[PDB]
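Shown next: input-v3.cif, given as mmCIF, C-alpha atoms and all ligand atoms.
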data_work
loop_
_atom_site.label_atom_id
_atom_site.label_comp_id
_atom_site.auth_asym_id
_atom_site.auth_seq_id
_atom_site.Cartn_x
_atom_site.Cartn_y
_atom_site.Cartn_z
CA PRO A 9 -1.84 -13.39 40.16
CA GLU A 10 -1.22 -9.72 41.19
CA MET A 11 -3.83 -8.26 43.62
CA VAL A 12 -5.25 -4.72 44.27
CA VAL A 16 -7.42 -9.52 41.40
CA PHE A 17 -5.42 -7.74 38.64
CA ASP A 18 -3.27 -10.46 36.97
CA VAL A 19 -1.40 -8.47 34.34
CA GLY A 20 1.30 -11.19 34.19
CA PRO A 21 4.99 -10.62 34.96
CA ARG A 22 5.43 -7.67 32.45
CA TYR A 23 3.33 -5.28 34.61
CA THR A 24 4.15 -4.94 38.37
CA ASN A 25 4.02 -2.42 41.35
CA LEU A 26 0.27 -1.83 40.95
CA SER A 27 -1.40 1.33 42.37
CA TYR A 28 -5.17 2.08 42.34
CA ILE A 29 -6.17 5.18 40.22
CA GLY A 30 -9.98 4.96 40.25
CA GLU A 31 -12.90 3.06 38.76
CA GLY A 32 -13.82 3.02 35.06
CA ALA A 33 -17.20 1.96 33.61
CA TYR A 34 -16.52 -1.82 33.16
CA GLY A 35 -13.95 -2.07 35.98
CA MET A 36 -10.87 -0.92 37.89
CA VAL A 37 -8.10 1.35 36.64
CA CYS A 38 -4.55 1.01 38.03
CA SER A 39 -1.08 2.33 37.29
CA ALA A 40 1.61 -0.33 36.78
CA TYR A 41 5.29 -0.52 35.95
CA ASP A 42 5.96 -1.78 32.40
CA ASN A 43 9.12 -3.93 32.71
CA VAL A 44 9.73 -3.85 28.91
CA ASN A 45 9.43 -0.04 28.27
CA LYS A 46 10.70 0.95 31.82
CA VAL A 47 7.82 3.46 32.41
CA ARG A 48 4.62 3.45 34.48
CA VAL A 49 1.39 2.81 32.46
CA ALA A 50 -2.42 2.90 33.00
CA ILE A 51 -4.35 -0.45 32.92
CA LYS A 52 -8.16 -0.86 32.85
CA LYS A 53 -9.56 -4.23 33.99
CA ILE A 54 -12.78 -5.18 32.20
CA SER A 55 -14.82 -7.93 33.95
CA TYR A 62 -21.51 -2.46 29.71
CA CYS A 63 -20.26 -5.27 27.36
CA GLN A 64 -21.18 -3.78 23.89
CA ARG A 65 -19.47 -0.38 24.81
CA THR A 66 -16.21 -2.29 25.60
CA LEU A 67 -16.01 -3.90 22.11
CA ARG A 68 -17.00 -0.67 20.29
CA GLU A 69 -14.26 1.35 22.10
CA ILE A 70 -11.57 -1.34 21.55
CA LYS A 71 -12.46 -1.39 17.78
CA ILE A 72 -12.30 2.44 17.47
CA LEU A 73 -9.10 2.95 19.56
CA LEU A 74 -7.27 0.19 17.59
CA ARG A 75 -8.32 1.73 14.30
CA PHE A 76 -7.48 5.34 15.18
CA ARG A 77 -3.89 6.66 15.16
CA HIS A 78 -3.59 10.29 16.16
CA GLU A 79 -1.46 12.38 18.56
CA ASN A 80 -4.55 13.85 20.30
CA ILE A 81 -6.42 10.50 20.71
CA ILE A 82 -5.43 7.94 23.37
CA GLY A 83 -4.05 4.71 21.92
CA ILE A 84 -4.01 1.09 23.19
CA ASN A 85 -0.42 -0.09 24.01
CA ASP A 86 -1.41 -3.68 24.88
CA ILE A 87 -4.36 -5.99 25.64
CA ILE A 88 -4.05 -8.83 28.19
CA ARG A 89 -6.47 -11.80 28.26
CA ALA A 90 -6.50 -15.66 28.52
CA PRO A 91 -5.24 -17.54 25.39
CA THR A 92 -8.64 -19.29 24.89
CA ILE A 93 -12.32 -18.20 24.77
CA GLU A 94 -13.16 -20.89 27.47
CA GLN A 95 -10.56 -19.42 29.88
CA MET A 96 -11.15 -15.76 29.03
CA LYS A 97 -12.88 -13.93 31.90
CA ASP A 98 -11.17 -10.55 32.39
CA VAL A 99 -9.66 -8.31 29.67
CA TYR A 100 -6.90 -5.75 30.54
CA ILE A 101 -6.35 -2.70 28.30
CA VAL A 102 -2.97 -0.96 28.66
CA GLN A 103 -2.35 2.77 27.88
CA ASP A 104 0.32 5.45 28.62
CA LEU A 105 -0.01 6.77 32.17
CA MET A 106 -1.18 10.35 31.96
CA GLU A 107 -0.37 13.03 34.57
CA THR A 108 -3.99 14.25 34.98
CA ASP A 109 -7.20 15.07 33.11
CA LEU A 110 -8.88 18.42 32.40
CA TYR A 111 -11.59 17.71 35.10
CA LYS A 112 -8.96 17.39 37.91
CA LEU A 113 -6.99 20.36 36.52
CA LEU A 114 -10.06 22.67 36.46
CA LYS A 115 -10.92 21.76 40.11
CA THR A 116 -7.74 23.39 41.48
CA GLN A 117 -5.89 25.30 38.68
CA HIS A 118 -6.57 28.65 37.00
CA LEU A 119 -5.80 28.33 33.26
CA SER A 120 -3.83 31.09 31.46
CA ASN A 121 -5.22 32.23 28.07
CA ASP A 122 -2.18 30.39 26.49
CA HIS A 123 -3.23 27.10 28.16
CA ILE A 124 -6.95 27.52 27.17
CA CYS A 125 -5.87 28.28 23.56
CA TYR A 126 -3.51 25.21 23.39
CA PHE A 127 -5.99 22.83 25.03
CA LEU A 128 -8.81 23.99 22.69
CA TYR A 129 -6.56 23.62 19.62
CA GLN A 130 -5.64 19.97 20.54
CA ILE A 131 -9.30 19.10 21.34
CA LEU A 132 -10.39 20.32 17.87
CA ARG A 133 -7.35 18.74 16.14
CA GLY A 134 -8.31 15.34 17.68
CA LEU A 135 -12.01 15.94 16.91
CA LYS A 136 -11.17 16.76 13.20
CA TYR A 137 -9.66 13.29 12.79
CA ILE A 138 -12.58 11.61 14.70
CA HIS A 139 -15.19 13.37 12.47
CA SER A 140 -13.09 12.66 9.31
CA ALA A 141 -13.59 8.92 10.14
CA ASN A 142 -17.41 9.61 10.16
CA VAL A 143 -17.40 8.97 13.94
CA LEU A 144 -19.06 11.05 16.70
CA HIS A 145 -17.52 10.91 20.20
CA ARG A 146 -20.85 11.99 21.87
CA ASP A 147 -19.38 12.18 25.42
CA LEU A 148 -16.79 15.00 25.31
CA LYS A 149 -16.23 16.49 28.75
CA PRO A 150 -13.14 17.53 30.82
CA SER A 151 -12.75 14.06 32.54
CA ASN A 152 -12.47 12.52 28.97
CA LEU A 153 -9.44 14.73 28.11
CA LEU A 154 -6.14 13.37 29.38
CA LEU A 155 -3.02 15.48 29.90
CA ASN A 156 0.70 14.65 30.36
CA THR A 157 3.29 16.81 32.33
CA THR A 158 3.81 19.11 29.28
CA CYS A 159 0.07 19.75 28.60
CA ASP A 160 -0.18 17.43 25.55
CA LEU A 161 -3.86 16.46 25.36
CA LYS A 162 -5.49 13.15 24.36
CA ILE A 163 -9.19 12.47 23.90
CA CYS A 164 -10.36 9.24 25.63
CA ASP A 165 -13.56 7.19 26.26
CA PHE A 166 -15.27 6.11 23.04
CA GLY A 167 -17.93 4.14 25.05
CA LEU A 168 -20.84 6.14 23.55
CA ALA A 169 -19.27 6.81 20.12
CA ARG A 170 -21.26 6.13 16.94
CA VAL A 171 -20.98 6.40 13.16
CA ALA A 172 -22.58 9.72 12.06
CA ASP A 173 -26.14 9.28 10.68
CA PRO A 174 -27.66 12.76 10.06
CA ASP A 175 -30.57 11.30 7.93
CA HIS A 176 -31.86 9.32 10.99
CA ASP A 177 -31.28 12.06 13.60
CA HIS A 178 -34.93 13.06 14.18
CA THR A 179 -36.88 11.90 17.25
CA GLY A 180 -39.76 13.08 19.47
CA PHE A 181 -39.68 15.52 22.39
CA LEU A 182 -38.08 14.31 25.70
CA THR A 183 -36.28 11.27 24.15
CA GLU A 184 -33.99 9.63 26.76
CA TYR A 185 -30.27 10.27 26.25
CA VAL A 186 -27.20 8.43 27.50
CA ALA A 187 -24.34 11.09 27.37
CA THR A 188 -23.33 13.32 30.38
CA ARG A 189 -26.18 15.82 30.97
CA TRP A 190 -24.09 19.07 31.33
CA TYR A 191 -22.43 18.77 27.88
CA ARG A 192 -25.63 17.83 25.93
CA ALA A 193 -26.59 20.07 23.01
CA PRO A 194 -30.13 21.65 23.33
CA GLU A 195 -31.55 19.66 20.29
CA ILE A 196 -31.02 16.37 22.29
CA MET A 197 -33.87 17.45 24.67
CA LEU A 198 -36.00 18.56 21.71
CA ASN A 199 -35.84 16.44 18.52
CA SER A 200 -32.36 14.92 18.06
CA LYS A 201 -30.83 11.46 18.64
CA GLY A 202 -27.29 12.99 18.66
CA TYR A 203 -26.40 11.33 15.31
CA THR A 204 -24.81 14.52 13.80
CA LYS A 205 -21.29 16.10 14.14
CA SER A 206 -22.83 19.34 15.54
CA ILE A 207 -23.44 17.45 18.83
CA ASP A 208 -19.65 17.21 19.55
CA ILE A 209 -19.01 20.91 18.74
CA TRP A 210 -21.61 21.86 21.40
CA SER A 211 -19.73 19.75 23.99
CA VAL A 212 -16.40 21.42 22.95
CA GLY A 213 -18.13 24.88 23.39
CA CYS A 214 -19.20 23.80 26.93
CA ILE A 215 -15.58 22.70 27.67
CA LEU A 216 -14.25 26.08 26.44
CA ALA A 217 -16.69 28.00 28.71
CA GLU A 218 -15.60 25.75 31.61
CA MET A 219 -11.86 26.46 30.93
CA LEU A 220 -12.68 30.21 31.02
CA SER A 221 -14.32 30.19 34.50
CA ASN A 222 -13.37 26.80 36.22
CA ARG A 223 -17.10 25.89 36.41
CA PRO A 224 -19.56 24.06 34.09
CA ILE A 225 -21.51 26.69 32.10
CA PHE A 226 -24.83 24.71 32.04
CA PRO A 227 -25.00 22.55 35.27
CA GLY A 228 -28.53 21.17 34.71
CA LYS A 229 -29.92 19.11 37.63
CA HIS A 230 -32.30 17.08 35.43
CA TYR A 231 -33.15 16.39 31.77
CA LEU A 232 -35.32 19.54 31.19
CA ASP A 233 -33.35 21.76 33.64
CA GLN A 234 -30.43 21.37 31.18
CA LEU A 235 -32.47 23.17 28.46
CA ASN A 236 -33.58 26.00 30.78
CA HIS A 237 -29.90 26.49 31.83
CA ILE A 238 -28.93 26.83 28.11
CA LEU A 239 -31.78 29.29 27.25
CA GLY A 240 -31.04 31.33 30.43
CA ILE A 241 -27.72 32.33 28.77
CA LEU A 242 -28.43 32.14 24.97
CA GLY A 243 -31.87 33.70 25.42
CA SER A 244 -35.11 32.56 23.77
CA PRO A 245 -34.58 30.97 20.29
CA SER A 246 -35.54 33.16 17.28
CA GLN A 247 -38.59 32.50 15.05
CA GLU A 248 -36.18 31.19 12.33
CA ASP A 249 -34.54 28.74 14.76
CA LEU A 250 -37.99 27.56 15.94
CA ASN A 251 -39.16 27.07 12.30
CA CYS A 252 -36.33 24.50 11.87
CA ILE A 253 -37.99 22.37 14.66
CA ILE A 254 -40.87 20.56 12.84
CA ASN A 255 -41.77 18.36 15.91
CA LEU A 256 -44.84 20.12 17.30
CA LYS A 257 -44.41 18.96 20.92
CA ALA A 258 -40.77 20.25 21.02
CA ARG A 259 -41.59 23.55 19.23
CA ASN A 260 -44.68 24.19 21.46
CA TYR A 261 -42.67 23.52 24.63
CA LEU A 262 -40.22 26.27 23.53
CA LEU A 263 -43.14 28.62 22.65
CA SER A 264 -44.71 28.02 26.14
CA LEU A 265 -41.62 29.44 27.96
CA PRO A 266 -41.40 33.10 29.06
CA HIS A 267 -39.08 35.30 27.04
CA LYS A 268 -35.42 35.01 28.23
CA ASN A 269 -32.76 37.62 27.41
CA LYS A 270 -29.38 36.73 25.98
CA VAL A 271 -26.57 37.05 28.60
CA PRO A 272 -23.61 38.70 26.75
CA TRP A 273 -20.50 36.44 26.75
CA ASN A 274 -18.23 39.31 27.97
CA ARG A 275 -20.62 39.74 31.01
CA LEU A 276 -20.31 35.96 31.86
CA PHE A 277 -16.55 35.89 31.13
CA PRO A 278 -15.16 39.42 31.91
CA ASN A 279 -11.49 38.31 31.79
CA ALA A 280 -11.73 36.19 28.58
CA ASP A 281 -9.95 37.00 25.32
CA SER A 282 -12.46 38.64 22.88
CA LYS A 283 -11.50 36.16 20.06
CA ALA A 284 -12.09 33.19 22.48
CA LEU A 285 -15.63 34.58 23.12
CA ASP A 286 -16.33 35.02 19.42
CA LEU A 287 -15.40 31.30 18.86
CA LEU A 288 -17.42 30.26 21.98
CA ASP A 289 -20.50 32.07 20.57
CA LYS A 290 -20.18 30.11 17.25
CA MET A 291 -19.83 26.76 19.08
CA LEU A 292 -22.71 27.47 21.50
CA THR A 293 -25.17 28.36 18.70
CA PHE A 294 -28.68 27.06 19.49
CA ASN A 295 -29.42 26.08 15.85
CA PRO A 296 -27.25 22.98 15.03
CA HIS A 297 -27.20 23.78 11.27
CA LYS A 298 -25.73 27.29 12.00
CA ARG A 299 -23.25 25.91 14.61
CA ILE A 300 -19.57 26.14 13.50
CA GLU A 301 -17.97 22.91 12.07
CA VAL A 302 -14.65 21.49 13.44
CA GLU A 303 -12.49 22.76 10.49
CA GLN A 304 -13.96 26.34 10.67
CA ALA A 305 -13.31 26.29 14.45
CA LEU A 306 -9.65 25.34 13.73
CA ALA A 307 -9.42 28.24 11.20
CA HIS A 308 -10.91 30.76 13.72
CA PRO A 309 -8.57 33.77 14.53
CA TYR A 310 -8.42 32.69 18.22
CA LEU A 311 -6.34 29.62 17.13
CA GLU A 312 -4.21 31.42 14.46
CA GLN A 313 -0.92 30.63 16.32
CA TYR A 314 -1.53 26.87 15.94
CA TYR A 315 -3.67 26.52 12.77
CA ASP A 316 -1.87 24.36 10.15
CA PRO A 317 -4.22 22.12 8.12
CA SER A 318 -1.26 20.18 6.63
CA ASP A 319 -0.38 19.18 10.29
CA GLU A 320 -4.03 18.32 11.21
CA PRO A 321 -4.39 14.77 9.81
CA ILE A 322 -7.63 13.09 8.78
CA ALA A 323 -8.42 9.35 8.85
CA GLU A 324 -7.48 7.12 5.89
CA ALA A 325 -11.00 5.59 5.60
CA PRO A 326 -14.52 6.15 7.12
CA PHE A 327 -15.00 3.93 10.19
CA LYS A 328 -17.75 1.29 10.02
CA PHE A 329 -19.16 -1.33 12.46
CA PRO A 337 -26.24 -12.56 22.02
CA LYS A 338 -23.74 -12.63 24.99
CA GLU A 339 -21.82 -15.62 23.40
CA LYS A 340 -21.22 -13.72 20.11
CA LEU A 341 -20.21 -10.53 22.07
CA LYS A 342 -17.57 -12.51 24.06
CA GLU A 343 -16.30 -14.14 20.78
CA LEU A 344 -16.02 -10.73 18.99
CA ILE A 345 -13.95 -9.25 21.95
CA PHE A 346 -11.72 -12.38 21.80
CA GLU A 347 -11.23 -11.89 17.99
CA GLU A 348 -10.56 -8.09 18.24
CA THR A 349 -7.87 -8.58 20.98
CA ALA A 350 -5.97 -11.47 19.22
CA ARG A 351 -3.16 -9.19 17.81
CA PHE A 352 -1.67 -8.63 21.32
CA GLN A 353 -1.32 -12.36 22.17
CA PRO A 354 2.35 -13.32 22.96
CA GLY A 355 2.25 -16.10 20.30
CA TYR A 356 3.36 -13.75 17.46
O1 LIG B 1 -3.74 7.84 33.24
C1 LIG B 1 -4.86 8.05 33.67
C2 LIG B 1 -6.00 7.30 33.07
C3 LIG B 1 -7.18 6.88 33.64
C4 LIG B 1 -7.93 6.22 32.61
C5 LIG B 1 -9.23 5.70 32.72
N1 LIG B 1 -10.23 6.27 33.42
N2 LIG B 1 -11.43 5.63 33.27
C6 LIG B 1 -11.18 4.62 32.44
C7 LIG B 1 -9.85 4.51 32.02
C8 LIG B 1 -9.19 3.67 30.99
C9 LIG B 1 -7.88 3.23 31.20
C10 LIG B 1 -7.30 2.39 30.27
CL1 LIG B 1 -5.63 1.93 30.50
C11 LIG B 1 -7.98 1.94 29.17
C12 LIG B 1 -9.29 2.35 29.00
CL2 LIG B 1 -10.21 1.74 27.65
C13 LIG B 1 -9.90 3.21 29.89
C14 LIG B 1 -7.13 6.27 31.49
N3 LIG B 1 -5.96 6.91 31.74
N4 LIG B 1 -5.13 9.06 34.55
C15 LIG B 1 -6.41 9.49 35.13
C16 LIG B 1 -6.45 11.00 35.22
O2 LIG B 1 -5.42 11.53 36.08
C17 LIG B 1 -4.37 10.59 36.30
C18 LIG B 1 -3.99 9.84 35.05
#

Please render this file's structure as structure tokens.
Amino acid sequence: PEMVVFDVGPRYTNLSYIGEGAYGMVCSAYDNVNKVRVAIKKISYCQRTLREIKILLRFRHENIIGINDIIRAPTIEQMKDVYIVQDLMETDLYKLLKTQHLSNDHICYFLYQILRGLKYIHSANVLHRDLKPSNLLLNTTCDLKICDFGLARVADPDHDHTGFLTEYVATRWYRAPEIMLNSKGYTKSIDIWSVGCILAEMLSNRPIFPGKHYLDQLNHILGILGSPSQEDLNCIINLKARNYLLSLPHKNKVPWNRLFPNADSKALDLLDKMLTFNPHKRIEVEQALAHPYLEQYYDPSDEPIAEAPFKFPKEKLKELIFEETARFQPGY
């Protein structure tokens, strides 16, 4: 067994540590069949693993990461670790933004691919719910792939309401304001907010709303968008959430061109539509693709949608992971 314990059999060799994923270790390895280096995640936090495997195996899209192979023991009794193989990417948007200034051409291309991938995700009635720069992979030619479906769910807008200050799992800085107020994040509008945050981050190389805690996140958002309007407050029926907003001092809107003085005016018009406080008035993925900022790339005949809507104890969980990974077994 290969050590870094990463027994990926004889096919994958010359292992190098990349970092640490949620359920385990990520390494690069040399694929001896395809004669290229690949990424491998070792999975040794259980439910998220099965959900993501199911989604990634079902989806087939240029801007969504795919699973090349899955390594595991031939029997349920012997199965301990599960290894997921993917193409080795050059970097991610998080690492790129830490050291590289993006040209308007790069921002435009990255945004287009994010939305193209998101169109397909949403067409499958799925919400990613954790879009952020570290979940956007890039190769040496800037082709972008969305990864990490660990928090993804089937859209359920009829069961989206909840009380004020409901605990949320997704990365704080990319959370839409309704999550802190009255939303479970069961609607498509939640992903568009995260894309809007990513666009603002590509424009200045810094997160636009770096909240330090749950409620600080909301005050960061309102410090730029300004106090919500009466109309936008009327949409919030939950009295505790609406009264919290009414208790705050008036905050002025910070004009986008003041925050981003070197940004393209069309990029700011699209940003404004994505970072709309009211989720019902927030732009949808297909309108965002049709926005004049992305006119060079927009081609709905080359922006595929999914063929069908996607639909979903410890012993049963292990058995389901065994069953979902059976297609990669060498006995076929
Ligand atoms: O190729 C990867 C890469 C890392 C990951 C990764 N990070 N966290 C988890 C995983 C991951 C890897 C694989 Cl191979 C499968 C799954 Cl499900 C998840 C995926 N691809 N990278 C990381 C960013 O810069 C260098 C290139």

Residues within 9 Å of range 274-286 of chain A, please, as a PDB file with C-alpha atoms, in the coordinates of the input. Count all atoms listed in the file; anything in the same chain fewer than 4 positions from it doesn't count.
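The new file result-v2.pdb reads:
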ATOM      1  CA  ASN A 121      -5.220  32.230  28.070  1.00  0.00           C
ATOM      2  CA  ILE A 124      -6.950  27.520  27.170  1.00  0.00           C
ATOM      3  CA  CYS A 125      -5.870  28.280  23.560  1.00  0.00           C
ATOM      4  CA  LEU A 216     -14.250  26.080  26.440  1.00  0.00           C
ATOM      5  CA  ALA A 217     -16.690  28.000  28.710  1.00  0.00           C
ATOM      6  CA  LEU A 220     -12.680  30.210  31.020  1.00  0.00           C
ATOM      7  CA  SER A 221     -14.320  30.190  34.500  1.00  0.00           C
ATOM      8  CA  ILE A 241     -27.720  32.330  28.770  1.00  0.00           C
ATOM      9  CA  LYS A 290     -20.180  30.110  17.250  1.00  0.00           C
ATOM     10  CA  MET A 291     -19.830  26.760  19.080  1.00  0.00           C
ATOM     11  CA  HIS A 308     -10.910  30.760  13.720  1.00  0.00           C
ATOM     12  CA  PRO A 309      -8.570  33.770  14.530  1.00  0.00           C
ATOM     13  CA  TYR A 310      -8.420  32.690  18.220  1.00  0.00           C
ATOM     14  CA  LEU A 311      -6.340  29.620  17.130  1.00  0.00           C
TER      15      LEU A 311
END

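In this model, the gap between CA of residue 99 in chain A and CA of residue 54 in chain A comes to 5.1 Å.
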
Return as a VMD selection string the residues of protein, DNA or RNA that approach ligand LIG 1 (chain B) to within 7 Å, with only C-alpha atoms and all ligand atoms taken into account.
chain A and resid 29 to 33 37 50 to 52 69 to 70 101 to 109 154 165

Nearest to residue 134 in chain A, chosen from A:96, A:67, A:319, A:118, with all atoms listed in the file counted in the distances
A:319

Interatomic distance (Å, one decimal) between CA of residue 295 in chain A and CA of residue 225 in chain A:
18.1 Å

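In this model, the gap between CA of residue 352 in chain A and CA of residue 87 in chain A comes to 5.7 Å.
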
Wanna dump the range 62-171 of chain A-range 325-346 of chain A contacts at 12 Å for me, each residue with its shortest atom pair and the distance in Å to one decimal, counting only C-alpha atoms, ordered by chain and number, as CSV?
residue,atom,partner,partner_atom,distance
A:62,CA,A:341,CA,11.2
A:63,CA,A:341,CA,7.5
A:64,CA,A:341,CA,7.1
A:65,CA,A:341,CA,10.5
A:66,CA,A:345,CA,8.2
A:67,CA,A:345,CA,5.7
A:68,CA,A:329,CA,8.1
A:69,CA,A:345,CA,10.6
A:70,CA,A:345,CA,8.3
A:71,CA,A:329,CA,8.6
A:72,CA,A:327,CA,7.9
A:73,CA,A:327,CA,11.1
A:74,CA,A:327,CA,11.3
A:75,CA,A:327,CA,8.1
A:76,CA,A:327,CA,9.1
A:77,CA,A:325,CA,12.0
A:87,CA,A:346,CA,10.5
A:88,CA,A:346,CA,10.6
A:89,CA,A:346,CA,8.3
A:90,CA,A:346,CA,9.1
A:91,CA,A:346,CA,9.0
A:92,CA,A:346,CA,8.2
A:93,CA,A:346,CA,6.6
A:94,CA,A:343,CA,10.0
A:95,CA,A:346,CA,10.8
A:96,CA,A:346,CA,8.0
A:97,CA,A:342,CA,9.2
A:98,CA,A:342,CA,10.7
A:99,CA,A:345,CA,8.9
A:100,CA,A:345,CA,11.7
A:101,CA,A:345,CA,11.9
A:137,CA,A:326,CA,10.3
A:138,CA,A:327,CA,9.2
A:139,CA,A:326,CA,9.0
A:140,CA,A:326,CA,7.0
A:141,CA,A:326,CA,4.2
A:142,CA,A:326,CA,5.4
A:143,CA,A:327,CA,6.7
A:144,CA,A:327,CA,10.5
A:169,CA,A:329,CA,11.2
A:170,CA,A:329,CA,9.0
A:171,CA,A:328,CA,6.8

Neighbouring residues of range 190-206 of chain A were defined as those with any atom within 8 Å, considering all atoms listed in the file; residues of the same chain fewer than 4 positions away were excluded. Please report them as a tab-separated table (two decimals) with C-alpha atoms, in the frame of the given file.
chain	number	residue	atom	x	y	z
A	139	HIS	CA	-15.19	13.37	12.47
A	144	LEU	CA	-19.06	11.05	16.70
A	146	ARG	CA	-20.85	11.99	21.87
A	147	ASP	CA	-19.38	12.18	25.42
A	148	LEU	CA	-16.79	15.00	25.31
A	149	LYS	CA	-16.23	16.49	28.75
A	170	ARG	CA	-21.26	6.13	16.94
A	171	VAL	CA	-20.98	6.40	13.16
A	172	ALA	CA	-22.58	9.72	12.06
A	173	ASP	CA	-26.14	9.28	10.68
A	174	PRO	CA	-27.66	12.76	10.06
A	176	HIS	CA	-31.86	9.32	10.99
A	177	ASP	CA	-31.28	12.06	13.60
A	178	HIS	CA	-34.93	13.06	14.18
A	179	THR	CA	-36.88	11.90	17.25
A	180	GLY	CA	-39.76	13.08	19.47
A	181	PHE	CA	-39.68	15.52	22.39
A	182	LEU	CA	-38.08	14.31	25.70
A	183	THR	CA	-36.28	11.27	24.15
A	185	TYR	CA	-30.27	10.27	26.25
A	210	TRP	CA	-21.61	21.86	21.40
A	211	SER	CA	-19.73	19.75	23.99
A	214	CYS	CA	-19.20	23.80	26.93
A	215	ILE	CA	-15.58	22.70	27.67
A	224	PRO	CA	-19.56	24.06	34.09
A	226	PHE	CA	-24.83	24.71	32.04
A	227	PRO	CA	-25.00	22.55	35.27
A	228	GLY	CA	-28.53	21.17	34.71
A	231	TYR	CA	-33.15	16.39	31.77
A	232	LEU	CA	-35.32	19.54	31.19
A	234	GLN	CA	-30.43	21.37	31.18
A	235	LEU	CA	-32.47	23.17	28.46
A	238	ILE	CA	-28.93	26.83	28.11
A	253	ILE	CA	-37.99	22.37	14.66
A	255	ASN	CA	-41.77	18.36	15.91
A	258	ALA	CA	-40.77	20.25	21.02
A	259	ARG	CA	-41.59	23.55	19.23
A	294	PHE	CA	-28.68	27.06	19.49
A	296	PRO	CA	-27.25	22.98	15.03
A	297	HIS	CA	-27.20	23.78	11.27
A	299	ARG	CA	-23.25	25.91	14.61
A	300	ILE	CA	-19.57	26.14	13.50
A	301	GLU	CA	-17.97	22.91	12.07

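Closest to residue 246 in chain A among A:270, A:223, A:230, A:145 is A:270, based on all atoms listed in the file.
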
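Closest approach to residue 317 in chain A from the set A:263, A:114, A:132, A:153 is made by A:132, with distances taken over all atoms listed in the file.
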
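For the choices A:151, A:312, A:49, A:34, the atom-to-atom distance to residue 84 in chain A is smallest for A:49 when using all atoms listed in the file.
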
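Among A:86, A:313, A:222, A:323, the residue with the shortest atom-to-atom distance to residue 350 in chain A, counting all atoms listed in the file, is A:86.
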
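Residues in contact with residue 302 in chain A at up to 7 Å, not including ones fewer than 4 positions away on its chain and judged by all atoms listed in the file, are residues 132, 136, 209 and 306 of chain A.
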
Can I get range 137-147 of chain A with N, CA, C and O atoms filled in, as a PDB file, in the coordinates of the input?
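Result written to result30.pdb:
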ATOM      1  N   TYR A 137      -9.979  14.651  13.197  1.00  0.00           N
ATOM      2  CA  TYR A 137      -9.660  13.290  12.790  1.00  0.00           C
ATOM      3  C   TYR A 137     -10.851  12.367  13.110  1.00  0.00           C
ATOM      4  O   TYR A 137     -11.253  11.596  12.247  1.00  0.00           O
ATOM      5  N   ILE A 138     -11.422  12.446  14.333  1.00  0.00           N
ATOM      6  CA  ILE A 138     -12.580  11.610  14.700  1.00  0.00           C
ATOM      7  C   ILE A 138     -13.720  11.768  13.665  1.00  0.00           C
ATOM      8  O   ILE A 138     -14.221  10.766  13.121  1.00  0.00           O
ATOM      9  N   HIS A 139     -14.101  13.037  13.395  1.00  0.00           N
ATOM     10  CA  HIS A 139     -15.190  13.370  12.470  1.00  0.00           C
ATOM     11  C   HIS A 139     -14.830  12.988  11.032  1.00  0.00           C
ATOM     12  O   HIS A 139     -15.731  12.596  10.277  1.00  0.00           O
ATOM     13  N   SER A 140     -13.515  13.047  10.662  1.00  0.00           N
ATOM     14  CA  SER A 140     -13.090  12.660   9.310  1.00  0.00           C
ATOM     15  C   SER A 140     -13.291  11.136   9.105  1.00  0.00           C
ATOM     16  O   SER A 140     -13.420  10.697   7.981  1.00  0.00           O
ATOM     17  N   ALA A 141     -13.378  10.365  10.195  1.00  0.00           N
ATOM     18  CA  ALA A 141     -13.590   8.920  10.140  1.00  0.00           C
ATOM     19  C   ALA A 141     -15.091   8.599  10.188  1.00  0.00           C
ATOM     20  O   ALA A 141     -15.464   7.428  10.250  1.00  0.00           O
ATOM     21  N   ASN A 142     -15.933   9.648  10.116  1.00  0.00           N
ATOM     22  CA  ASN A 142     -17.410   9.610  10.160  1.00  0.00           C
ATOM     23  C   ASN A 142     -17.881   9.114  11.527  1.00  0.00           C
ATOM     24  O   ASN A 142     -18.960   8.538  11.654  1.00  0.00           O
ATOM     25  N   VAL A 143     -17.075   9.375  12.568  1.00  0.00           N
ATOM     26  CA  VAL A 143     -17.400   8.970  13.940  1.00  0.00           C
ATOM     27  C   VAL A 143     -17.738  10.220  14.773  1.00  0.00           C
ATOM     28  O   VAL A 143     -17.167  11.290  14.568  1.00  0.00           O
ATOM     29  N   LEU A 144     -18.663  10.052  15.713  1.00  0.00           N
ATOM     30  CA  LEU A 144     -19.060  11.050  16.700  1.00  0.00           C
ATOM     31  C   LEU A 144     -18.609  10.537  18.047  1.00  0.00           C
ATOM     32  O   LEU A 144     -18.863   9.376  18.336  1.00  0.00           O
ATOM     33  N   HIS A 145     -17.971  11.367  18.873  1.00  0.00           N
ATOM     34  CA  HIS A 145     -17.520  10.910  20.200  1.00  0.00           C
ATOM     35  C   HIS A 145     -18.743  10.774  21.143  1.00  0.00           C
ATOM     36  O   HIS A 145     -18.904   9.761  21.845  1.00  0.00           O
ATOM     37  N   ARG A 146     -19.581  11.828  21.145  1.00  0.00           N
ATOM     38  CA  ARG A 146     -20.850  11.990  21.870  1.00  0.00           C
ATOM     39  C   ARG A 146     -20.699  12.077  23.415  1.00  0.00           C
ATOM     40  O   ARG A 146     -21.712  12.234  24.098  1.00  0.00           O
ATOM     41  N   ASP A 147     -19.480  12.016  23.971  1.00  0.00           N
ATOM     42  CA  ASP A 147     -19.380  12.180  25.420  1.00  0.00           C
ATOM     43  C   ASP A 147     -18.158  13.040  25.809  1.00  0.00           C
ATOM     44  O   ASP A 147     -17.445  12.748  26.773  1.00  0.00           O
TER      45      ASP A 147
END
